[PDB]
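K.L.:
Take a look and give me a structure for this.
(2 chains)
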Amino acid sequence: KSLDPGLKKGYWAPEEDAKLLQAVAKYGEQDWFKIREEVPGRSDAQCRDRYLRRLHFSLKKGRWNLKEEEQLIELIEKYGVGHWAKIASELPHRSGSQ
DNA sequence: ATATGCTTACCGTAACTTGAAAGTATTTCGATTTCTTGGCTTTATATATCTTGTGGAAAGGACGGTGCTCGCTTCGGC
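P.N.:
Numbering: from 1, shown residues only, chains lettered A, B, ... in the order given. Right below this line is the structure:
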């Protein structure tokens, strides 16, 4: 993903809405190397996490209400700290980076 | 006018992945070993009889420096 003349380091999504989302109907969540052969300027390593953090549905999002602190408590009560410990390996999509 | 809001380029280790070099068992080709028969070596008087191979004969062909002065011949003299 470095020293490559064919990659693009942009911030927005120019044509990504069509180049990257078609794979949702084309390929599964495996063998991402088939995607980079058709989408120029994008590498599979960043594309995986982009697809993940963009097309996920089950996330703790919204405004901080009077019922979310209990959610945080029961989240940090499942196995422990969760952010950086090994217990993050079994947390479903609850990665530490978020 | 600026800090945390989420978003994503990318430099933190890790394992199940594609296929060429290196160690491993296995049957097959070929070389080795071990059986078999059968003569080698002693003897026995027998003795057959017919050929082989020899041998001392007969008898042959086969190859086994330099004067020096008597005397020998040939013409050759008148």
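
K.L.:
for residue A:66, phi and psi?
P.N.:
Backbone geometry at residue A:66, expressed as degrees, to the nearest 10, gives phi -80, psi 10.

K.L.:
An error on my part: the question was meant for residue A:7.
P.N.:
phi -90, psi 160.

K.L.:
Enumerate every residue touching it.
P.N.:
Going by CB atoms under 8 Å, 6 or more residues apart in numbering, residue A:7 touches A:1, A:41, A:42, A:43. In short, each C-beta sits where N, CA and C put it, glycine included.

K.L.:
Just to check, the last one is in contact with residue A:36?
P.N.:
Right, residue A:43. Yes - between residue A:43 and residue A:36 there is a contact under CB atoms under 8 Å: 6.2 Å.

K.L.:
Checking whatever residue of chain A ends up closest to DNA strand B next. Helix, strand or coil?
P.N.:
Nearest residue of chain A to DNA strand B: residue A:46, at 3.5 Å (CB to the nearest atom of the strand). Under the three-state scheme (DSSP: H, G, I helix; E, B strand; the rest coil), residue A:46 adopts helix.

K.L.:
Verify the stated contact: it with residue A:1.
P.N.:
Yes - using CB under 8 Å, residue A:46 is in contact with residue A:1, at 6.7 Å.

K.L.:
what residues do those two have in common as contacts?
P.N.:
By CB under 8 Å, 6+ apart, no residue touches both residue A:46 and residue A:1.
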